[PDB]
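*Asks:* Structure incoming, see below.
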2 protein chains.
Amino acid sequence: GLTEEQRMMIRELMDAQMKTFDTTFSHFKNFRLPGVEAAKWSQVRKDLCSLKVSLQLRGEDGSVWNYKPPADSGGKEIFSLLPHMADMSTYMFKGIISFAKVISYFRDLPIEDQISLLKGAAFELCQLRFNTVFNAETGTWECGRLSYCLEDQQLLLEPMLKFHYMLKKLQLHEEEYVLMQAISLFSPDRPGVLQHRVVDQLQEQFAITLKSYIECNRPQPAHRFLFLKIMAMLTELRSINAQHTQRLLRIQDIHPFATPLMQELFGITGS
Amino acid sequence: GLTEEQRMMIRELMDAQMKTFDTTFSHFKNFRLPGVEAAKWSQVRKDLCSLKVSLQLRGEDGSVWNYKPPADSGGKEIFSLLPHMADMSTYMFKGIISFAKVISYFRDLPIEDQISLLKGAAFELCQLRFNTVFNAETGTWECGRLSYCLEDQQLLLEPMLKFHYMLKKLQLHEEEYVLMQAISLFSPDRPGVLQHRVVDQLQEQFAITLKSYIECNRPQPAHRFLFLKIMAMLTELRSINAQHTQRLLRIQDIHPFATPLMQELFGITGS
Ligand SMILES: C#C[C@]1(O)CC[C@H]2[C@@H]3CCc4cc(O)ccc4[C@H]3CC[C@@]21C
Ligand SMILES: C#C[C@]1(O)CC[C@H]2[C@@H]3CCc4cc(O)ccc4[C@H]3CC[C@@]21C
């Protein structure tokens with residue numbers, strides 16, 4: 001019940017996803033690993049401990065490294081995983097940038113709006129991709145040879161975590177995830193966007209395509225209001241983006257760690 | 001019931017031990033860690049898998065790294081822990097060399113015999129020190145922030161492992177361990193020793209001191225024949241030294257890894 005244009009639209013997104021989502025994280029390499037104003041530090045300390053993960057590395061040889069993070073003891077140890085997570089997020093951002101560049105509707109926007117949209121949405125698309133490797137049973141993001149496992153439902157109070165669990169429970173198709181990415185990417189109201197009307201019309205077409213996809217392929221009572229649920233999650237994701245952007249900038253202010261690509265995307269000038 | 005000379009002898013050994021045994025391994029640093037002719041390889045493969053350990057690193061910040069070694073899959077991965085163990089053994093050898101140098105009876109030997117005795121006994125003294133940090137309940141050598149845990153009584157078939165368990169069960173005093181070190185160190189029949197008679201008389205005095213120590217301080221039926229048990233263990237330790245020296249040289253032959261200090265001690269010339 002999709003139009004030809006809607007079918008072509010999904011095919012281009014799925015193509016873009018297939019070409020640019022390293023789902024096994026096989027090419028994530030050379031990353032850093034953890035070693036072997038007072039009001040600011042207090043807030044930053046709060047920000048950081050709200051998402052504790054251990055990390056597992058399975059070697060190509062069958063060996064396994066496992067890292068359990070330190071407790072907060074009033075020192076710099078709370079930052080131990082930041083270089084690694086900066087490297088992972090950087091790797092993901094590159095995939096997201098490549099994704100957007102492969103899409104015709106994106107390529108056709110002026111370069112200034114392309115940059116503005118990626119700056120506005122990179123984090124969100126990263127999270128959408130991360131959700132597809134999230135294991136809600138084990139509380140683990142399974143990134144190929146790397147695993148990030150949540151450390152021991154006071155966990156669901158954390159908006160990012162609540163987001164991943166709730167989104168996972170929707171049991172979305174690849175197509176629905178990639179349409180969510182498109183809808184997030186083509187948000188007409190990111191800071192600095194000039195072609196507000198063009199971007200708005202594109203977003204609307206992605207949303208219509210998604211709504212139609214769900215109607216054509218999901219007759220089950222469980223999936224009533226699925227389209228509206230997804231849109232609500234996208235709104236929540238935008239809120240989480242704003243929150244984590246401020247968390248990032250707060251850390252950066254007292255403890256610099258953003259990679260150049262991160263700085264570029266989050267507006268850090270280097271001065 | 002010890003003579004004054006025997007008491008002075010134990011005091012000098014205990015002093016030497018106290019000065020040169022880093023029991024917390026606090027100064028073991030900058031070590032390597034595992035990454036993130038056919039008949040020879042077959043034997044070497046057998047040699048290596050006969051002692052599997054996982055490794056734990058507790059960080060000063062409370063973080064914990066844990067390494068589980070790979071299975072043998074016909075490749076170079078069986079060597080993954082060798083650089084680390086070379087670094088640890090090297091660190092231990094330095095302590096053993098320092099131990100010997102602090103002892104009057106050793107200092108008074110000609111420099112050529114000093115070298116010959118250290119070459120002959122360094123491995124044995126290393127093992128004697130390692131036994132004092134061996135936890136027989138957990139099958140773990142507890143080396144301060146580093147732990148080496150035996151991987152899951154087919155284990156007791158391995159002579160080195162049988163040695164550590166049996167020696168631990170004797171529940172020796174610090175004094176008895178350090179006398180064992182002396183007896184091993186002053187073995188008159190290591191290759192190249194010139195002052196055979198002098199070294200022999202020294203060893204005999206350490207053994208007499210040990211026997212007297214046990215008689216003076218251990219009246220319990222459990223400790224009957226303790227001196228003879230210890231001497232039997234020293235003989236076994238010498239056998240294990242010969243075995244592991246040949247294992248080391250077999251590995252080295254197809255996969256070089258010995259540090260310069262190891263090469264020096266085990267007779268590798270660099271050519
Ligand atoms: C603070 C804080 C946190 O809640 C814990 C870790 C922080 C993330 C660290 C890495 C990272 C990378 C990005 O590209 C963007 C954001 C972040 C931080 C966001 C706030 C986090 C999750
Ligand atoms: C082979 C073999 C083994 O049984 C497994 C690991 C080998 C040790 C590796 C490091 C090391 C260092 C030394 O100074 C002396 C010997 C060794 C090797 C001995 C044989 C071992 C235990």
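Numbering starts at 1 and runs along the chain as displayed.
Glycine residues also receive a Cβ, built from the backbone N, Cα and C atoms like all the rest.
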*Asks:* Quick one: which of A:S89, A:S104, A:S212, A:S271 does Swiss-Prot put in the hyperforin site with A:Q127, A:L128, A:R129, A:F130, A:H244?
*Replies:* A:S89
*Asks:* For the stretch where 17 residues weren't modelled, take the C-alpha of A:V36 and of A:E37 and tell me their separation in angstrom, rounded to whole.
*Replies:* 29
*Asks:* Around ligand 1, within a Cβ distance of under 6 Å, which of the binding-site residues A:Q127, A:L128, A:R129, A:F130 show up?
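*Replies:* Close enough to ligand 1 is none of the binding-site residues.
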*Asks:* Would you list the other residues of this chain near hyperforin - those whose C-beta lies within 8 angstroms of the C-beta centroid of A:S89, A:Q127, A:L128, A:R129, A:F130, A:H244 - in sequence order?
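*Replies:* Neighbours found: A:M92, A:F123, A:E124, A:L125, A:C126, A:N131.
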*Asks:* Fewest other Cβ atoms within 10 Å: which of the binding-site residues A:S89, A:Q127, A:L128, A:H244 wins that one? Let me know.
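*Replies:* Checked A:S89, A:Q127, A:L128, A:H244; of these binding-site residues, fewest Cβ neighbours within 10 Å: A:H244.
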*Asks:* So 5 residues are missing between A:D152 and A:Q153 in the deposited model; what's the C-alpha distance in angstrom?
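*Replies:* The gap of 5 missing residues is bridged by a Cα-Cα distance of 9 Å.
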*Asks:* So what sits near A:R129 (hyperforin binding site) in its own chain, CB-to-CB under 8 Å and at least six residues off in sequence?
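*Replies:* A:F21, A:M92, A:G95, A:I96, A:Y177, A:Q181 - these are the non-local Cβ neighbours of A:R129 (hyperforin binding site), listed in sequence order.
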